[PDB]
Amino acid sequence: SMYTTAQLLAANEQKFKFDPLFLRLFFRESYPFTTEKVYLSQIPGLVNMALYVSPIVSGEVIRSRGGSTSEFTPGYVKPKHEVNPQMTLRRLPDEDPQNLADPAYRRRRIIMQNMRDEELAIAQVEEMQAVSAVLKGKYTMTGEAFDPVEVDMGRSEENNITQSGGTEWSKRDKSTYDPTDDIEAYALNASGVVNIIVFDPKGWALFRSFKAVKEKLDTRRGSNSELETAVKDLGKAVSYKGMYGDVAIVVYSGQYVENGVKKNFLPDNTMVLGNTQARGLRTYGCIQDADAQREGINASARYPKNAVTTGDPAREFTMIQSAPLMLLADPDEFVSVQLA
């Protein structure tokens, strides 16, 4: 009658493997931990890596109370939906209209439709951490019954650049200026080589407005076959523009909803210099769930559940749990440039 955590994990395989842009490109390692806290010493490498977690008071990061730690408990994300068979279901190919009126068949379809919405809600929380770690080397962590704190990965000052004092590309003459030298100087602050630049819509329009960029950029398709197939199913909000020399140009127009407001993952005039082989870690803390522990599921990135509430009245619901801790092993691998 109730889907077990193992049954839901096997059904959500396709939706879980679908990763947003920044997670898919720069976070290619996953480390579920059997303990509630995440111990960075147990990850291969990263012997001296620490996380300076600072508590947030009054919406302002209070760094004086913060301290460096290699052990941390991530906040718990618990998207849940009540199971109502009378709710609308997305029509699937070759569905039987008479089955779609069976309340038992609609309950089966509602649970998996809820598993889709709950999965991408957790994937949004992971991508918010993913893009903020690349943009700033730090992000704000929230969670259920969790006081929001800032997780800092220790990015150098030189890796966060803002164009000012005449270096604004908007004030440069688009006809005769070549942004190559500026990008070369930005890329030197990166720990490794830079072979990809992720723009926002506005920053890309400014970047491509230069005549030297139009003449140099290879817009033809197949310029980077490895990257084009990695971003193929992300065409809704990701655009591969081409190769700018040995650097691949990508535009990220993704959005996330937070407190009922649509926000952009990338602020206006954003230019992120990075490496496709950068090391990002998807570490997950263990969520002690009685149903999961009884099924032998100790460490997992997702804890799907299909159960009823104990209180009266008994209402069936679905839920997926996760304790994500998206981290960059080397935050200086990226050079985040705020264009102006």
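One rule holds for the numbers: they count along the sequence shown, beginning at 1.
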Which of 293-301 and 310-318 has higher mean CA B factor, as the PDB entry lists it: 310-318
Segment of higher mean CA temperature factor, 94-102 or 194-202: 94-102
Residue with maximal Cα B-factor (values as given in the PDB entry) among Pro179, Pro85, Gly235, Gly260: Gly260
Where the record places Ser156 (Cα B-factor, split into thirds across the chain): highest
Record-listed C-alpha B factor of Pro79: chain third: lowest
CA B-factor ranking of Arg28, expressed as a third of its chain: lowest
Cα B factor band for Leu281 (lowest, middle or highest third within the chain): middle
Assigned third (lowest, middle, highest) for the C-alpha B factor of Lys241: lowest
